[PDB]
C-alpha cells in the first residue's frame, strides 16, 4: 500500500463527488497513527490532521514543533472543559462544540491567549442516545449567547452518522445537517457558516455528494 496513492484517490473522489470541490478539505484522522506515519501523510502535500484525545494530540503537537513541521491541527473528539487549556494555543479548528458551557470555556481561554478560535457546532442529527451533539432546539436557544462569544469564530456545523450501509439513511443524515446549516445561515449567521464536517472512510463519497467540506478519513488513508 501507498499513503500517497490513497490520498490521491481521495482527492480524485472530491473532484468527482463534491458539488463544490474547491471548498472541500481532507482531515486525516491520525488518532491511531504513529508520528512516522503522520510524517508520511505530510509528505503527500496535505497537512490537516485530526485527533480525538487531548493527551495524544498534546504530545504529537510538541513532537512536530520540535521537528519543525507545519500542520493544521483539528480536534475532532470529545473536549472536556478542563482540558481546553491544553490545546487552545495550537489547534486550528475544534469540530466538537456541543454545548454552551464548552463554548464559553473555549472563548475564555481564547481571550486569555488574545486569539479567536475557529469552531464548528456539533449537532446530533440522528438522535442517538449516546448523545453528545446539540439538538436543534437546544442550539437555537443558545444561539445569541453563542454569537456574543467574541473570541469564538463559529464557521460551520458537524455531525457523526452511525455506521451503516444503508445509503438512504446516510443521505438523510448528511442532507439534514446541510439543511440545518442553510437555515442557521438565513436566520442567525448572515451566511457566515461555510463548513460542513461529516463523512468518514466508509461513507465519505456520500458525504461529499451531500455537500461535505471536511471529510474525516482515517483507515482509507493509512490502512
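Residue numbers count along the first chain shown, from 1.
- Comparing the deposited coordinates for 115-123 and 85-93, the stretch with the larger average C-alpha B-factor is 85-93.
- Of the two segments, 212-220 and 3-11, the one listed with the higher mean B-factor is 3-11 (C-alpha atoms only).
- Across 182, 166, 36, 195, the greatest Cα temperature factor reported in the deposited entry is at 166.
- In the deposited coordinates, the residue among 159, 175, 44, 68 with the greatest CA B-factor is 68.
- Residue 143: CA B factor in the highest third of modelled residues in this chain (values from the PDB entry).
- Per the PDB record, residue ranking by Cα B-factor puts residue 30 in the lowest third of the chain.
- Among the modelled residues of its chain, residue 205 has a C-alpha B-factor that falls in the lowest third, as given in the PDB entry.
- Per-chain ranking of the deposited C-alpha B factor places residue 131 in the highest third.
- Compared with the other modelled residues of the chain, the Cα B-factor recorded for residue 74 ranks in the lowest third.
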